[PDB]
Structure formats: structure tokens, C-alpha cells
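Before any comments, here is the structure.
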Amino acid sequence: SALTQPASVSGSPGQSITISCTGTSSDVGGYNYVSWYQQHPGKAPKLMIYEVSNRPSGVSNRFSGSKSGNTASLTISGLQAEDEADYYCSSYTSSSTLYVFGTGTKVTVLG
Ligand SMILES: [Ca+2]
């Protein structure tokens with residue numbers, strides 16, 4: 001199965017929002033290899049977080065990653081209009097799929 005994500009998360013400018021990503025003990029709960037990606041419409045995906053909480057360069061420190069048990073979370077602090085995009089998680093898995101992805105969350109920013 002895919003990782004479970006909410007279809008839609010919204011916020012006002014300046015709000016802190018969190019996107020959940022739920023798997024199992026064979027993926028999100030078994031390893032520290034959770035990544036998060038941002039995709040604006042018609043653009044290439046961008047790696048925002050890897051290894052649960054690590055940011056590549058060029059990613060705002062307003063983005064942070066964590067996990068607890070079988071659920072990973074992406075938190076966006078100080079929400080800005082430019083954050084309106086789709087967000088996906090992935091995890092390494094012990095299974096043959098090797099990596100498993102979430103179904104994606106559309107973030108809408110008020111205004
Ligand atoms: Ca908007």
C-alpha cells in the first residue's frame with residue numbers, strides 16, 4: 001500500500017501547518033529514510049527533506065520534518081503564498097517496492 005496522506009491541508013499566511021504521512025513498521029516506522037517533496041503545478045518536483053528531518057540547501061528553514069511511530073510529519077511554519085503546492089512523502093521499505101510514496105497533499109494558502 002501507498003503511504004497515507006490527507007488530500008488537502010490549508011492555512012492562512014503566517015500559520016503553522018503539518019502534513020501527516022502514515023505507513024507501517026516495515027517503512028516509516030522501521031527506518032529513518034523518510035523524504036518529502038514539493039511540486040508546483042507543471043514544474044519539476046523539489047526535494048525538501050530527507051532522512052526524516054534533513055534539508056538540502058535552498059530549502060527554507062520554515063520547513064521541518066519529524067516522525068513518531070509509523071507517522072512522519074512535515075511542518076511548514078510561517079506559511080507563505082509560495083508554499084501553495086502539492087507535497088508527497090516517501091520512505092525506504094524492507095519490501096520489494098524498495099521505496100513507497102504517499103498519495104500527496106494539496107496545500108492551499110488563504111488569499
Ligand atoms: Ca491561495
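All residue names refer to the C-alpha cells as shown: chains lettered A, B, ... in order, residues numbered from 1 in each chain, ligands numbered from 1 in order.
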Write out as JSON lines a residue-level contact list of chain A versus ligand 1 with cut-off 8 Å: for each qualifying residue the closest pair of atoms and the distance in Å to one decimal, counting only C-alpha atoms and all ligand atoms, rows sorted by chain and residue number upward.
{"residue": "A:81", "atom": "CA", "partner": "ligand 1", "partner_atom_place_in_ligand_line": "1 (Ca)", "distance": 6.1}
{"residue": "A:84", "atom": "CA", "partner": "ligand 1", "partner_atom_place_in_ligand_line": "1 (Ca)", "distance": 6.5}
{"residue": "A:108", "atom": "CA", "partner": "ligand 1", "partner_atom_place_in_ligand_line": "1 (Ca)", "distance": 5.5}
{"residue": "A:109", "atom": "CA", "partner": "ligand 1", "partner_atom_place_in_ligand_line": "1 (Ca)", "distance": 4.2}
{"residue": "A:110", "atom": "CA", "partner": "ligand 1", "partner_atom_place_in_ligand_line": "1 (Ca)", "distance": 4.8}
{"residue": "A:111", "atom": "CA", "partner": "ligand 1", "partner_atom_place_in_ligand_line": "1 (Ca)", "distance": 4.5}
Grab the residues selected above and save them as a short mmCIF file (atom, residue, chain, number, x, y, z; two decimals), in the first residue's frame with N, CA, C and O atoms.
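Now in part_38.cif:
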data_model
loop_
_atom_site.label_atom_id
_atom_site.label_comp_id
_atom_site.auth_asym_id
_atom_site.auth_seq_id
_atom_site.Cartn_x
_atom_site.Cartn_y
_atom_site.Cartn_z
N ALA A 81 2.44 32.43 0.64
CA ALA A 81 1.69 32.14 -0.59
C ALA A 81 2.42 31.17 -1.52
O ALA A 81 1.81 30.29 -2.12
N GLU A 84 1.96 27.20 -1.51
CA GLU A 84 0.82 26.55 -2.13
C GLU A 84 1.34 25.65 -3.26
O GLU A 84 1.90 26.13 -4.25
N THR A 108 -3.27 24.59 0.31
CA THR A 108 -3.86 25.84 -0.16
C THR A 108 -3.58 26.90 0.89
O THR A 108 -3.76 26.66 2.09
N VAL A 109 -3.13 28.07 0.45
CA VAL A 109 -2.90 29.21 1.35
C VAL A 109 -4.00 30.23 1.11
O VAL A 109 -4.22 30.65 -0.03
N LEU A 110 -4.71 30.62 2.17
CA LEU A 110 -5.78 31.62 2.08
C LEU A 110 -5.30 32.89 1.40
O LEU A 110 -4.23 33.42 1.74
N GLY A 111 -6.08 33.38 0.43
CA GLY A 111 -5.75 34.59 -0.34
C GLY A 111 -5.19 34.27 -1.72
O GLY A 111 -4.92 33.11 -2.05
#
### Task
Give me the residues within 12 Å of stretch 9-16 of chain A as number ranges by chain, counting only C-alpha atoms and dropping any in the same chain fewer than 5 places off.
A: 62-64, 74-87, 104-111
### Task
Run DSSP on the backbone of this structure and report the residues of chain A it assigns to strand (DSSP E or B), as a ChimeraX atom specification.
/A:3-4,8-11,17-22,34-39,46-50,54,63-68,71-76,85-92,99-102,105-109
File of the preceding selection, N, CA and C atoms, as a short mmCIF file (atom, residue, chain, number, x, y, z; two decimals), in the first residue's frame:
data_model
loop_
_atom_site.label_atom_id
_atom_site.label_comp_id
_atom_site.auth_asym_id
_atom_site.auth_seq_id
_atom_site.Cartn_x
_atom_site.Cartn_y
_atom_site.Cartn_z
N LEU A 3 1.69 5.19 1.18
CA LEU A 3 1.65 5.88 2.47
C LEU A 3 0.43 6.78 2.52
N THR A 4 -0.20 6.87 3.69
CA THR A 4 -1.44 7.62 3.81
C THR A 4 -1.15 9.09 4.09
N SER A 8 -5.97 17.23 1.42
CA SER A 8 -5.99 18.69 1.46
C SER A 8 -5.61 19.16 2.86
N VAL A 9 -4.68 20.12 2.92
CA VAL A 9 -4.37 20.87 4.15
C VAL A 9 -4.31 22.33 3.74
N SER A 10 -4.90 23.22 4.54
CA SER A 10 -4.91 24.65 4.24
C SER A 10 -4.44 25.45 5.44
N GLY A 11 -4.08 26.70 5.17
CA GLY A 11 -3.72 27.65 6.22
C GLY A 11 -3.74 29.08 5.74
N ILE A 17 1.33 24.81 9.78
CA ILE A 17 0.54 23.63 9.40
C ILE A 17 1.42 22.41 9.34
N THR A 18 0.81 21.25 9.55
CA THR A 18 1.52 19.98 9.49
C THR A 18 0.79 19.03 8.53
N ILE A 19 1.58 18.31 7.73
CA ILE A 19 1.09 17.28 6.83
C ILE A 19 1.57 15.92 7.36
N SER A 20 0.64 15.01 7.62
CA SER A 20 0.96 13.66 8.08
C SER A 20 1.18 12.67 6.93
N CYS A 21 1.92 11.61 7.25
CA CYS A 21 2.32 10.57 6.30
C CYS A 21 2.44 9.28 7.09
N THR A 22 1.44 8.41 6.97
CA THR A 22 1.36 7.22 7.81
C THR A 22 1.68 5.96 7.01
N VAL A 34 12.83 8.80 5.53
CA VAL A 34 11.64 9.48 5.05
C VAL A 34 12.06 10.77 4.34
N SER A 35 11.51 10.97 3.14
CA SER A 35 11.74 12.18 2.36
C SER A 35 10.43 12.88 2.08
N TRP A 36 10.53 14.18 1.82
CA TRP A 36 9.39 15.00 1.43
C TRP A 36 9.74 15.80 0.19
N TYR A 37 8.76 15.92 -0.71
CA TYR A 37 8.91 16.62 -1.98
C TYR A 37 7.79 17.64 -2.14
N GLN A 38 8.13 18.75 -2.78
CA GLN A 38 7.19 19.82 -3.12
C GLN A 38 7.08 19.87 -4.63
N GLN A 39 5.86 19.96 -5.16
CA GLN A 39 5.64 20.16 -6.60
C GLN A 39 4.62 21.26 -6.84
N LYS A 46 10.65 19.06 -6.16
CA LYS A 46 11.81 19.54 -5.43
C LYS A 46 11.93 18.74 -4.13
N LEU A 47 13.12 18.20 -3.88
CA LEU A 47 13.40 17.53 -2.60
C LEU A 47 13.51 18.56 -1.47
N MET A 48 12.61 18.47 -0.49
CA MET A 48 12.57 19.40 0.64
C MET A 48 13.23 18.86 1.90
N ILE A 49 13.04 17.56 2.16
CA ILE A 49 13.52 16.90 3.37
C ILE A 49 13.95 15.49 2.99
N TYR A 50 15.04 15.01 3.59
CA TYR A 50 15.40 13.60 3.52
C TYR A 50 15.95 13.14 4.87
N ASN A 54 16.32 16.19 7.51
CA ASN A 54 17.43 16.94 6.95
C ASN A 54 17.02 17.72 5.70
N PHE A 63 10.50 24.91 6.73
CA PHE A 63 10.12 23.50 6.56
C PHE A 63 10.90 22.62 7.53
N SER A 64 10.20 21.75 8.24
CA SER A 64 10.85 20.80 9.12
C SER A 64 10.15 19.45 9.08
N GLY A 65 10.92 18.40 9.27
CA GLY A 65 10.42 17.05 9.25
C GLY A 65 10.65 16.34 10.57
N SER A 66 9.69 15.49 10.93
CA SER A 66 9.80 14.66 12.12
C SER A 66 9.05 13.36 11.89
N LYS A 67 9.19 12.45 12.85
CA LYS A 67 8.33 11.27 12.85
C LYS A 67 8.14 10.73 14.26
N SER A 68 7.04 10.01 14.42
CA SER A 68 6.69 9.38 15.68
C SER A 68 5.96 8.09 15.33
N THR A 71 4.16 7.32 11.78
CA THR A 71 3.69 8.55 11.13
C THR A 71 4.78 9.62 11.06
N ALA A 72 5.10 10.02 9.83
CA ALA A 72 6.01 11.13 9.57
C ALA A 72 5.20 12.41 9.39
N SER A 73 5.82 13.55 9.69
CA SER A 73 5.15 14.84 9.60
C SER A 73 6.06 15.88 8.98
N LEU A 74 5.51 16.64 8.03
CA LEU A 74 6.14 17.83 7.50
C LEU A 74 5.42 19.03 8.10
N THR A 75 6.18 19.90 8.77
CA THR A 75 5.64 21.12 9.34
C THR A 75 6.15 22.32 8.55
N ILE A 76 5.22 23.20 8.17
CA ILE A 76 5.53 24.44 7.48
C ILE A 76 5.15 25.54 8.45
N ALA A 85 1.17 24.35 -3.06
CA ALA A 85 1.79 23.31 -3.89
C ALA A 85 1.30 21.95 -3.42
N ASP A 86 1.67 20.89 -4.14
CA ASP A 86 1.43 19.52 -3.71
C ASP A 86 2.67 19.04 -2.96
N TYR A 87 2.47 18.25 -1.91
CA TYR A 87 3.57 17.68 -1.12
C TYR A 87 3.39 16.18 -1.00
N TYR A 88 4.47 15.44 -1.24
CA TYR A 88 4.49 13.99 -1.15
C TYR A 88 5.56 13.55 -0.18
N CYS A 89 5.28 12.48 0.54
CA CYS A 89 6.30 11.80 1.32
C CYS A 89 6.71 10.51 0.63
N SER A 90 7.88 10.01 1.00
CA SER A 90 8.30 8.66 0.66
C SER A 90 9.07 8.05 1.81
N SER A 91 9.17 6.73 1.82
CA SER A 91 10.01 6.02 2.76
C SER A 91 10.67 4.83 2.11
N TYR A 92 11.90 4.56 2.52
CA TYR A 92 12.51 3.26 2.31
C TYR A 92 11.62 2.18 2.92
N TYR A 99 11.14 1.62 -2.27
CA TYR A 99 10.62 2.87 -1.76
C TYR A 99 9.12 2.86 -1.97
N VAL A 100 8.42 3.44 -1.00
CA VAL A 100 6.99 3.60 -1.08
C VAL A 100 6.69 5.09 -0.90
N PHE A 101 5.72 5.59 -1.65
CA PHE A 101 5.35 7.00 -1.64
C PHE A 101 3.95 7.19 -1.09
N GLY A 102 3.69 8.40 -0.62
CA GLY A 102 2.35 8.81 -0.24
C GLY A 102 1.54 9.27 -1.44
N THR A 105 -0.54 15.58 -0.79
CA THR A 105 -1.39 16.55 -0.11
C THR A 105 -1.31 17.88 -0.84
N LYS A 106 -2.48 18.42 -1.19
CA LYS A 106 -2.59 19.74 -1.77
C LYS A 106 -2.65 20.75 -0.64
N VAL A 107 -1.68 21.66 -0.59
CA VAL A 107 -1.68 22.76 0.38
C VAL A 107 -2.22 24.00 -0.29
N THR A 108 -3.27 24.59 0.31
CA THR A 108 -3.86 25.84 -0.16
C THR A 108 -3.58 26.90 0.89
N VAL A 109 -3.13 28.07 0.45
CA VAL A 109 -2.90 29.21 1.35
C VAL A 109 -4.00 30.23 1.11
#
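Using only C-alpha atoms, the shortest contact distance between residue A:31 and any of A:5, A:59, A:52, A:44 is found at A:52.
Closest approach to residue A:1 among A:23, A:69, A:29, A:56: A:23, based on only C-alpha atoms.
Atom CA of residue A:33 to atom CA of residue A:70 spans 12.3 Å [interatomic distance, one decimal].
Here atom CA of residue A:96 is placed at a distance of 26.1 Å from atom CA of residue A:7.
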